[PDB]
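A.B. asks: Those protein sequences? They're chains H, A, C and B, same order as listed. Numbering-wise (the entry's author numbering), the first sequence opens with residue 1 and increments by one. With the entry's author numbering applied, the second sequence corresponds to residues 5 to 33, 36 to 54, 59 to 187, 190 to 595, 629 to 792, in that order. Numbering-wise (the entry's author numbering), the third sequence opens with residue 5 and increments by one. With the entry's author numbering applied, the fourth sequence corresponds to residues 4 to 79, 86 to 97, 100 to 150, in that order. From the three backbone atoms N, C-alpha and C, an ideal C-beta is built for every residue, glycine too.
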Amino acid sequence: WXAXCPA
Amino acid sequence: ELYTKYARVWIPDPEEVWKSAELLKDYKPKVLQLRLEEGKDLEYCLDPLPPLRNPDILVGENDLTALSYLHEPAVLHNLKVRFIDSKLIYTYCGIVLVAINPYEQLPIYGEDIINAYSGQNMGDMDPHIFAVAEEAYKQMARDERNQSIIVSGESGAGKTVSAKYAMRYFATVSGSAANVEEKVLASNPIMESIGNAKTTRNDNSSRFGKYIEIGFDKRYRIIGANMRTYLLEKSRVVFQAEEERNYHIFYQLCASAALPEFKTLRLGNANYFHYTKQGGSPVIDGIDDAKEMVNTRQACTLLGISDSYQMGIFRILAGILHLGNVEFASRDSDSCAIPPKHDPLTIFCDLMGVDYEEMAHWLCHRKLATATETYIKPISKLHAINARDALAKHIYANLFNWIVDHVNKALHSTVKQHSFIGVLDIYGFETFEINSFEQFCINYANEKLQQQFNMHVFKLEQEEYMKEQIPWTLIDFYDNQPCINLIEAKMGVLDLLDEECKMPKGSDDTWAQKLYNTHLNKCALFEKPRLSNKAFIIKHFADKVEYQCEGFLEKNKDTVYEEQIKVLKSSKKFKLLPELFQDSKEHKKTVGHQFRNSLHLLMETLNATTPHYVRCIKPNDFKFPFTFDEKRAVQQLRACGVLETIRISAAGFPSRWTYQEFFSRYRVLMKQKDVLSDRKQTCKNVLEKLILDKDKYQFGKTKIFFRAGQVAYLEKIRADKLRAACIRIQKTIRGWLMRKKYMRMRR
Amino acid sequence: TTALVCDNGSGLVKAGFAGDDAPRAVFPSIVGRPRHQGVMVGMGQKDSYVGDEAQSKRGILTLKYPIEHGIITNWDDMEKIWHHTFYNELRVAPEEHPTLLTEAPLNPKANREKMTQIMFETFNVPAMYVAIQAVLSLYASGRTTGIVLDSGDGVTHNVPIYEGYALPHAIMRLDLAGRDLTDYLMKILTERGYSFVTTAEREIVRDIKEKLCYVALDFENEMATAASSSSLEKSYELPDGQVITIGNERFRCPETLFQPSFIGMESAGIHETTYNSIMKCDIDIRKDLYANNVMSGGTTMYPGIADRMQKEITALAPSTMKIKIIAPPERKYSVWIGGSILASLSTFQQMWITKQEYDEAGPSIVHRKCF
Amino acid sequence: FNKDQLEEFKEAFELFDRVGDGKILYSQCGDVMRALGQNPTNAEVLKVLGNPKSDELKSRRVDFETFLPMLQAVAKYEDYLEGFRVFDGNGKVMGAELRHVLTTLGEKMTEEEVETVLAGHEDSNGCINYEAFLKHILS
Ligand SMILES: Nc1ncnc2c1ncn2[C@@H]1O[C@H](COP(=O)(O)OP(=O)(O)O)[C@@H](O)[C@H]1O
Ligand SMILES: [Mg+2]
């Protein structure tokens with residue numbers, strides 16, 4: 001992703 | 005306007021579509039007094059005009075382009091008088107020979123007549139089928155591009171007779187002895205038995221196009237013949253409407269179920285099999301099915317199909333019938349089973365020599381496989397049924413192709429074919445009260461062919477205009493490509509049918525909604541009926557035809573699970589069945638796509654060749670000889686496209702006259718002060734007086750071309766002038782004789 | 005002309021031509037690099053390996069997945085996967101005929117744009133489309149009304165669909181997948197004293213999970229049973245021929261979908277998200293959604309997961325609703341089968357994003373034309 | 004018309020009286036007009052008679068005084090030649108064709124009338140000099 005998770 | 009006393013006009017009448025009426029008093033700018043066989047005065051009333063009748067000189071001439079007014083009544087009357095009062099059976103509409111079925115045997119095909127027609131120019135003689143064949147034969151010799159003869163009508167119309175005589179002509183004028193005609197004629201009972209059907213409106217309907225190539229050597233002796241077939245109606249095998257039947261051969265078998273040979277086939281009566289029973293019409297009255305089987309087997313034996321192969325054919329056909337009776341229990345929504353020891357499947361497997369334990373599994377499951385692995389998936393009862401029926405249609409189509417390949421194996425001949433002449437037998441345009449996919453195909457084929465016929469006639473009448481130096485701009489083309497684009501093209505009525513064949517929970521209800529959404533107010537040839545959301549209307553070249561969508565998907569779907577073909581290919585009991593499947630996407634293709642490709646193959650065959658056309662007509666429903674029911678013949682003339690061809694022709698210059706014959710006829714109109722030494726400039730001055738505008742006619746080098754109507758206007762003014770001169774003479778004679786008789790009383 | 009369909013996973017990529025019934029190319033969407041000094045000279049070895057290469061040589065390599073949780077993490081790796089897909093395995097020139105690409109719902113907006121950009125600029129594909137995976141499974145299973153539980157690597161999601169209308173507000177996405185089952189399975193394996201510490205044996209743990217794991221129809225009775233006796237234990241050969249033997253642990257791993265508390269994930273399990281996704285629908289359609297309840301994607305392949313799902317939603321469904329689970333054996337491929345048939349519909353041919361429209365509009369065309 | 008003309012015409016009219024009542028039939032009106040030098044068409048005769056119906060045309064009788072306005076109304086070469094030249100241009104006309112057209116077209120006459128007027132005017136080949144026949148019938 002870009003926040004709440006590794007991606 | 006110019007309707008006057010002693011004009012003639014046609015009343016539209018219910019009983020016989022047109023009756024002749026004489027105009028009893030002159031027209032002025036809503037009711038006509040008319041003189042009739044039913045009364046010296048009867049009155050006729052006019053919508054917010060009557061079809062004017064041709065002059066007596068024109069009627070009965072051999073070519074319906076000669077007439078000045080071109081109408082349904084005028085064409086019907088010409089064909090009627092020629093057939094009834096003169097027993098003449100052939101007429102020309104331009105290129106098209108029209109043959110009206112005499113339905114009585116006649117001497118007109120004798121060798122004296124073949125000699126009379128051979129070597130002639132076609133334009134000299136009176137029309138006869140030999141005059142077509144000779145024009146083909148000579149064009150084949152005169153230039154490289156070979157020739158084809160396209161015969162279209164109902165099966166009753168006499169296509170067999172006109173092919174028989176076309177081949178007889180070719181053989182005789184070639185001076186070839190050999191065995192080529194007799195085998196082609198002897199082939200017909202099998203080609204019927206496999207390929208010919210009983211439709212609701214017509215018996216012995218032919219449900220495929222049959223093409224015969226008569227092959228010629230470099231010396232134009234006949235070498236032999238080669239048969240091809242196209243457009244086969246595969247769906248009839250497994251579905252029929254009320255009082256149809258499927259192909260005759262299944263009933264010829266069920267009728268023959270008694271014979272010792274066929275005891276092994278465990279047959280029943282034709283109500284016993286799901287494929288035969290559905291029509292509710294097992295017997296055609298007056299047909300000796302038991303002997304028609306023998307008339308089939310005789311043809312097989314004359315061609316050279318061994319009795320072993322014949323018993324193979326009939327055991328495969330019994331196979332198909334027994335396969336049709338296998339019946340599926342639903343196990344679940346998405347599972348099925350064949351019940352234990354199920355009798356039809358037991359008989360099918362014993363006829364075909366395959367393991368029951370494999371057929372029962374594969375008819376109820378599909379194999380899915382990928383390069384890594386393979387899955388077996390169960391299928392719904394509906395899918396199992398559809399796959400069974402697609403297997404049956406695939407077997408039948410392969411058997412048909414096999415029998416036609418053995419027919420060719422007999423007819424093929426060693427010598428190299430320098431060129432060939434085609435004889436194409438194809439069904440005519442079709443329309444019924446209840447109208448369905450089969451007719452949608454037949455009409456798509458007729459549209460495709462009529463586009464070729466329009467190309468052909470347009471090109472020839474660009475040539476004949478150049479031959480007279482007349483400007484091409486005056487001839488304009490009439491195009492049916494906007495309808496063919498509607499039917500064939502992408503987002504067309506077939507393409508949306510095939511697309512719903514696969515779309516999930518597609519149905520006949522939703523398909524029509526897709527049609528309406530795509531075309532309804534976007535393409536002027538597609539229309540919807542007021543009263544229904546389940547049907548649609550296509551304005552063909554010939555007619556508005558209304559088609560109804562129920563069962564229109566289910567007839568279209570063909571898909572075959574390859575593992576069932578593989579099982580049948582692994583059969584070991586008998587030789588023929590592995591032969592049927594000698595050599629995928631062909632298994633994926635729907636019936637509609639297979640048809641559209643078969644028709645592309647046909648059109649690519651004909652487009653390679655120079656066409657000549659014949660149209661054949663059935664004068665009555667009741668087989669009466671030499672009677673001509675105007676109610677039937679009008680429907681047949683519309684269905685052959687002849688009336689629409691004539692309606693197109695009447696737009697240009699139908700009537701064409703050599704300057705010398707024009708001068709000879711109309712010198713009666715011509716003031717000898719004017720008339721020159723030279724005919725042509727004389728006529729060019731006279732006619733300029735007699736017609737309002739130049740644009741209404743044209744002057745060519747050797748011929749005058751008139752629009753429709755105007756030669757009857759010249760006949761009108763000729764008759765009025767001549768009768769006025771007769772008035773002056775006759776009043777002079779009457780007065781002189783009466784005067785003399787007064788002197789005679791004085792004397 | 006025929007479209008290409010490539011279903012792009014997060015561990016496995018599946019590609020083929022439209023109208024095929026099964027994909028021609030399948031391989032793990034995995035990129036590998038050598039992690040060692042070379043000894044030999046004149047070997048002519050090559051920099052980095054894709055798919056069945058990187059599976060074959062994995063002991064020499066480090067392996068990375070360029071996609072995690074359905075997000076393309078490094079485009080510069082993924083472009084190698086697509087280049088291998090079109091040129092090497094398929095033997096296709098992608099410049100000739102269009103391509104269809106598949107994506108989890110609700111993933112980042114930029115993902116679509118950048119995948120479009122790469123398709124049009126680098127591969128020069130003539131036309132493109134992207135489709136929500138959960139839609140295609142309904143085409144594949146032959147239905148127009150569905151609720152779909154789609155799980156692979158990276159992502160799980162529910163999407164309700166009724167007679168061809170999606171219900172966007174009811175989409176449930178859940179970041180639990182076969183990769184997270186595998187990472188948990190490594191830690192639970194450590195409890196028996198087997199230790200797997202790097203990607204090249206993570207690829208072994210995946211295969212252990214694939215062959216041996218299964219779902220208890222009720223968990224705690226079988227937990228007690230397997231503690232009580234060895235009857236549920238089963239054994240596996242590693243590549244070196246070590247037998248290893250695994251017991252209650254093999255059902256304990258695939259359970260965690262139903263109790264993500266084990267992973268320390270906050271959400272409820274797939275059963276409760278499926279139920280909440282139904283209940284967010286309005287009551288006119290819930291009765292039909294209960295019948296058309298469809299398994300899809302590989303993480304649903306565990307034996308017993310259909311029965312466990314049917315039981316655990318039945319306990320939440322009002323007892324009159326005869327809820328029914330549809331779990332066809334193809335379902336690992338069902339997304340591709342659906343993209344295959346979708347791309348073959350004539351009605352679809354209007355739908356493609358053509359290069360003319362992209363050059364007119366730029367990448368932002370995707371959000372506008374696509375779902 | 005003067006008294007002498009009126010007397011000659013009245014005498015002629017009375018000659019056509021076959022009943023003695025000093026009257027003729029409608030069907031004789033034409034005979035009297037033509038015998039007196041008029042050449043009216045049948046249409047003109049019916050028009051001056053007022054297009055009578057069959058019954059009164061065949062049985063109603065009129066005296067000279069009613070005839071006279073009709074004679075007046077009816078009374079009030087190159088075309089004749091061209092009309093004959095229609096059926097030729101060597102100056103002849105088939106006897107068969109003239110017979111057919113006079114007995115089958117227009118106000119059809121009987122074959123006997125045509126034979127009577129044509130008697131002596133056709134040669135052995137069956138050709139009529141129409142200028143001579145015309146002069147003869149106009150004299
Ligand atoms: N037969 C199987 N049994 C158990 N797990 C499997 C099976 N096949 C694949 N998986 C797991 O599911 C994931 C792959 O599923 P897949 O549907 O291909 O995901 P995607 O298509 O999104 O890449 C991997 O984690 C793999 O280990
Ligand atoms: Mg997936």
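Does chain C have any CB closer than 8 Å to the CB of A:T384?
C.D. replies: Yes, A:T384 counts as interfacial toward chain C.
A.B. asks: I want to see whether chain B comes within less than 8 Å of A:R701, judged by CB atoms only; does it?
C.D. replies: no
A.B. asks: In this structure, does DSSP put C:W340 in helix, strand or coil?
C.D. replies: helix
A.B. asks: Starting from the C-beta of A:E689, find all residues in its chain whose C-beta is less than 7 Å away, skip the five residues before and the five after it, and write them out in chain order.
C.D. replies: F553, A554
A.B. asks: C:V30 versus chain A: which residues are under 8 Å apart at the beta carbon?
C.D. replies: Neighbours of C:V30 in chain A, taken as residues at a C-beta separation under 8 Å, are given in chain order as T382, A383, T384.
A.B. asks: Mind reading off the beta-carbon distance from A:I296 to A:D215? Whole number of angstroms is fine, and I expect it under 8 Å.
C.D. replies: 6 Å
A.B. asks: I want to see whether chain B comes within less than 8 Å of A:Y113, judged by CB atoms only; does it?
C.D. replies: no
A.B. asks: Name, please, each residue of chain A whose Cβ falls closer than 7 Å to the Cβ of C:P332.
C.D. replies: From the beta-carbon of C:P332, the residues of chain A found nearer than 7 Å are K389.
A.B. asks: Classify A:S199 as buried or exposed, calling it buried when 16 or more other Cβ atoms lie within 10 Å of its own Cβ.
C.D. replies: Counting the other CB atoms within 10 Å of its CB gives A:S199 a total of 16 or more, which places it among the buried residues.
A.B. asks: Compare the C-beta of C:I75 with all C-beta atoms of chain H and state if any pair is closer than 8 Å.
C.D. replies: yes
A.B. asks: Could you tell me the alpha carbon to alpha carbon distance between C:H87 and C:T303, rounded to whole angstroms?
C.D. replies: For C:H87 and C:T303, the distance between alpha carbons rounds to 27 Å.
A.B. asks: Enumerate in chain order the residues of its own chain whose CB-to-CB distance from A:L647 is below 6 Å, with the five nearest sequence positions on each side excluded.
C.D. replies: Excluding sequence neighbours, A:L647 sits near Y242.
A.B. asks: Ignoring anything shorter than 4 residues, give me the alpha helix (DSSP H) runs that lie fully in the region 241–284 of chain C, in order along the chain.
C.D. replies: 252–259, 274–284
A.B. asks: Below 6 Å CB to CB, which residues in the same chain sit around C:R254 once its five sequence neighbours on both sides are set aside?
C.D. replies: Within the same chain, C:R254 has close Cβ partners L216, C217.
A.B. asks: Where does residue 615 of chain A sit, in a helix, a strand or coil, going by DSSP?
C.D. replies: You won't find residue 615 of chain A in this model, because chain A goes from 595 right to 629.
A.B. asks: Please go through the same chain and pick out, in chain order, the residues whose beta-carbon is closer than 8 Å to the beta-carbon of C:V96, but skip the five residues on each side of it.
C.D. replies: Answer for C:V96: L8, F90, listed in chain order.
A.B. asks: Per DSSP, which one or two residues make a beta bridge with C:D154?
C.D. replies: Bridge pairing for C:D154: C:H161, C:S300 [DSSP].
A.B. asks: Short check: CB of C:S14 to CB of C:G158, under 8 Å?
C.D. replies: yes
A.B. asks: Can you list the residues of chain C that A:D507 reaches, using a CB-CB cut of under 7 Å?
C.D. replies: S350
A.B. asks: Which value, in whole angstroms, describes the spacing of the CA atoms of A:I94 and A:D437?
C.D. replies: Cα to Cα, the separation comes out at about 27 Å.
A.B. asks: Is any beta-carbon of chain A found at less than 8 Å from that of C:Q59?
C.D. replies: no
A.B. asks: Which same chain residues end up closer than 7 Å to B:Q41 when comparing Cβ atoms and leaving out the 5 residues on each side of it in sequence?
C.D. replies: So the qualifying residues of the chain are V77, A78.
A.B. asks: Following a CB-centred definition, is residue 394 of chain C positioned closer than 7 Å to any heavy atom of ligand 1?
C.D. replies: Absent from the model: residue 394 of chain C. The displayed extent of chain C is 5 to 375, so no value can be given.
A.B. asks: Whose C-alpha, out of A:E44, A:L28, A:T8, is nearest the C-alpha of A:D17?
C.D. replies: A:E44
A.B. asks: Express the C-alpha separation of C:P98 and residue 406 of chain C in angstroms, rounding to a whole number.
C.D. replies: Outside the shown range of chain C (5 to 375) lies residue 406 of chain C, about which nothing can therefore be said.
A.B. asks: Pull out every residue of the region 512–523 of chain A whose Cβ sits closer than 8 Å to any Cβ of chain C, in chain order.
C.D. replies: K514, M515, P516, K517
A.B. asks: Quick check: is the beta carbon of A:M371 nearer than 8 Å to any beta carbon in chain C?
C.D. replies: no
A.B. asks: So with Cβ pairs under 8 Å, would you call B:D34 a contact of chain A?
C.D. replies: yes
A.B. asks: Below 7 Å between beta carbons is the criterion; list the residues of the region 749–781 of chain A that meet it against any residue of chain B, in chain order.
C.D. replies: Residues passing the 7 Å Cβ filter: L767, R768, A770, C771, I772, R773, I774, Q775, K776, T777, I778, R779, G780, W781.
A.B. asks: Span of the beta strand (DSSP E) holding A:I487?
C.D. replies: Neither: A:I487 is in no beta strand (DSSP E) and is coded neither H nor E.
A.B. asks: In three-state DSSP terms, what is A:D510?
C.D. replies: Helix, per DSSP.
A.B. asks: Closer than 7 Å: is that where the CB of C:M305 sits relative to any heavy atom of ligand 1?
C.D. replies: yes
A.B. asks: Does the beta carbon of A:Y10 come closer than 8 Å to any beta carbon on chain B?
C.D. replies: no
A.B. asks: For C:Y143, return the contacting residues in chain A, with the cut-off set at a CB-CB distance below 7 Å.
C.D. replies: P516
A.B. asks: If contact is defined by three or more beta carbon pairs under 8 Å, each pair taking one atom from either stretch, is the region 779–791 of chain A in contact with the region 13–31 of chain C?
C.D. replies: No, the region 13–31 of chain C is not in contact with the region 779–791 of chain A.
A.B. asks: What residue range does the beta strand (DSSP E) around residue 603 of chain A cover?
C.D. replies: Between 595 and 629 in chain A the model has nothing, and residue 603 of chain A is one of the residues in that span.
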